[PDB]
Amino acid sequence: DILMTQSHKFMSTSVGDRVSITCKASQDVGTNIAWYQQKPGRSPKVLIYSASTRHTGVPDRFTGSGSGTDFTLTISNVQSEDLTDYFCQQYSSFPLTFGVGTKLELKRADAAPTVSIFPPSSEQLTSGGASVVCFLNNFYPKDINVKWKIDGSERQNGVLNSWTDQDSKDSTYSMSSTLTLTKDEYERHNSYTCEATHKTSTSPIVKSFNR
Amino acid sequence: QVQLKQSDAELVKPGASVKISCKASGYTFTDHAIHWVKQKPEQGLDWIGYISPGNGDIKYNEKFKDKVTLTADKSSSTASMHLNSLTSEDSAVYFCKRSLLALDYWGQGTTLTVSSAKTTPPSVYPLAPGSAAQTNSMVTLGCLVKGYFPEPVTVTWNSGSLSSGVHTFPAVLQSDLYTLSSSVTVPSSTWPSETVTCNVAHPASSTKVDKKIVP
Ligand SMILES: *[C@H]1O[C@H](CO[C@]2(C(=O)O)C[C@H](O)[C@@H](NC(C)=O)[C@H]([C@H](O)[C@H](O)CO)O2)[C@H](O)[C@H](O)[C@H]1NC(C)=O
Ligand SMILES: *[C@H]1O[C@H](CO[C@]2(C(=O)O)C[C@H](O)[C@@H](NC(C)=O)[C@H]([C@H](O)[C@H](O)CO)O2)[C@H](O)[C@H](O)[C@H]1NC(C)=O
């Protein structure tokens, strides 16, 4: 099968800037290439085909190039509505195959996470569960690491993480990290800590409580 | 004029099969082969196959071996995809599209979820601080929305009247059911002196949970 490798899963740009997204085919497809935009929830919309032909209705800001194996979608004068997913498709050979996609994101000033840790509620505990929840809100850039410790020692089992996409209003990211234990396990320990490392600080941000 | 309109979301058990159909309109059905594509969160698109209505030519991707059967009923201008022996890895959004290069001629998509889980309403647990050591002009509260199925749920705080300073996170799977969390950050002068409630709606179970956060 023909493999389509898209350079980067995430790129950062600013409104008004130019950005280019590459796509490499594992073998020559001439110019049998299409570039698609796709917003969350929605169906794909063509931008380019034959590697360089713009579809009618598409802003002039979008161009495409390349022939053979290497292809580039370029977005000049980036607008905020452009901050979404883009993938390539080859149509020289079956099976039809596609890049894995590139998400465009907005550059903004660095911002440290605002961290909050919550003990389990008594209602949860009475039902035999103990979820300790840590929110790490409104930070930038997206890259962050969260570690849990119980009584000073690292805990990995029982952690689930969830991350938002870039916020439409302030361009930050947020994350939630939840450590779930039994009531009995929770009750054997004193100290519960959520630690976050982010480029805004050389020391981890530490939030904690003691039972 | 050109429209490809797909059937509604499906939820099915492992082992079952399903039929997802695609009603073409605004062109002559036989002029163009209908292609099928699978989109799974984070991962790429996979082309499944096509059916050529005025031709009878059917091509499949070997990837989906004995998993897929494509049909068409020229009478209603409808192409269909029958999937069998489903597993949770088949959960995805499935699209029909017009021709091998579809341009804007895609269907809206059909969500397939494959799971042995039963429809289950959320249990909602309050997240409140205990006493702190210092005085904070701000306070964060939350809701842990645990153990529901299927997606989605929506969360608001004080019926939406409170929306700046809310973060609601994508659900995760935890014991074959979904869990999500939501936080809200408000001035400490407004809570607990004023009531703060997380409002959780789970349409599949026709359930609403209004959990007041008390100190
Ligand atoms: C092969 O593609 C044909 C349709 O051919 C055209 C058409 O005229 O409809 C050729 C035309 O050049 C294409 N447009 C562009 C910009 O290249 C056009 C569009 O791709 C199409 O209209 C979008 O739906 O396609 C048939 O669909 C035929 O069935 C198909 N063969 C297979 C196996 O899919
Ligand atoms: C126009 O035709 C294409 C596919 O064309 C072929 C094919 O399958 O490649 C040509 C091929 O030579 C034929 N196969 C053999 C062995 O002779 C084949 C047969 O006609 C077909 O398999 C019979 O079942 O057709 C697409 O099918 C395309 O959809 C079609 N255009 C339209 C509008 O239907």
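Per chain, numbering begins at 1; letters A, B, ... match sequence-line order.
More than 12 heavy-atom neighbours from other residues, nucleotides or ligands sit within 6.0 angstrom of CD on A:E81. Counting non-hydrogen atoms of other residues, nucleotides and ligands closer than 6.0 Å to CG of B:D176 gives a total of 12 or fewer.
In this structure, chain A has no heavy atom under 4.5 Å from any part of B:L180. Proximity to chain A (any heavy atom under 4.5 Å) is restricted, for B:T168, to the backbone atoms N, CA, C and O. Contact annotation for B:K40: neither backbone nor side-chain heavy atoms come within less than 4.5 Å of a heavy atom of chain A. For a residue to count as touching a neighbouring chain, one of its non-hydrogen atoms must lie under 4.5 Å from one of that chain's; by this rule A:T97 does not touch chain B. Heavy-atom distances place the side chain of A:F87, and not its backbone, under 4.5 Å from chain B. Within the 4.5 angstrom heavy-atom criterion, only backbone atoms of B:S182 (N, CA, C, O) approach chain A. With a 4.5 angstrom heavy-atom cutoff, A:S127 touches chain B only via side-chain atoms. Of the atoms belonging to A:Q38, it is side-chain heavy atoms, and not backbone ones, that fall under 4.5 Å from chain B. Residue A:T180 touches chain B through its side chain alone, counting heavy-atom pairs closer than 4.5 Å. Only the side chain of B:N61 comes within contact range of chain A, with at least one heavy atom under 4.5 Å from a heavy atom of that chain.
Per-residue counts of heavy-atom pairs under 4.5 Å with chain A were compared for B:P126, B:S181, B:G109, B:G44; the largest is that of B:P126. Counting heavy-atom pairs under 4.5 Å between each of A:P95, A:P119, A:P44 and chain B puts A:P44 at the top.
Under the 3.5 Å distance criterion, the side-chain polar atoms of A:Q89 are matched with a main-chain donor or acceptor of B:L100.
B:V37 has its side chain within reach of A:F98: a pair of non-hydrogen atoms, C-beta onward, lies under 4.5 Å apart. When side chains are defined from C-beta on, A:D1 counts as touching B:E62, because their heavy atoms get closer than 4.5 Å. Here the side chains of B:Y125 and A:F118 are not in contact, with every heavy-atom distance at 4.5 Å or above.
For residues 100-109 of chain A, a heavy-atom distance under 4.5 Å to chain B picks out A:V100, given by residue number. Close approach to chain B, defined as a heavy atom under 4.5 Å from one of its heavy atoms, is seen in A:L160, A:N161, A:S162, A:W163, A:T164 of residues 160-169 of chain A, taken by number. For residues 144-155 of chain B, the interface with chain A (any heavy-atom pair closer than 4.5 Å) comprises B:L144, B:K146, sorted by residue number.
Counted by atom type alone, A:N137 and B:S183 present one or more donor-acceptor pairs between their side chains at under 3.5 Å.
Taking all atoms of both residues into account, the shortest heavy-atom contact from A:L96 to B:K97 is CD2-NZ, 4.2 Å. Across every non-hydrogen atom of B:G107 and A:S43, the tightest pair is O-CB, 3.3 Å.
Separation of atoms NZ (A:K45) and CH2 (B:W106) is listed at 11.0 Å; rounding is to 0.5 Å.
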Practice task
Would you sort out whether A:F135 and B:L127 count as a side chain to side chain contact (heavy atoms under 4.5 Å, CB included), showing the intermediate values?
Solution key: CA-CA 11 Å; A:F135 298 104; B:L127 307 167; 4.1 Å; yes

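With sequence neighbours excluded, the residues forming a salt bridge (charged side-chain N to carboxylate O under 4.0 Å, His left out) with A:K149 are A:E195, listed by chain and number.
Taking the six-membered ring where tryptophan is involved, the planes of A:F94 and B:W47 are essentially parallel, since the angle between them stays under 30° and well short of 60°.
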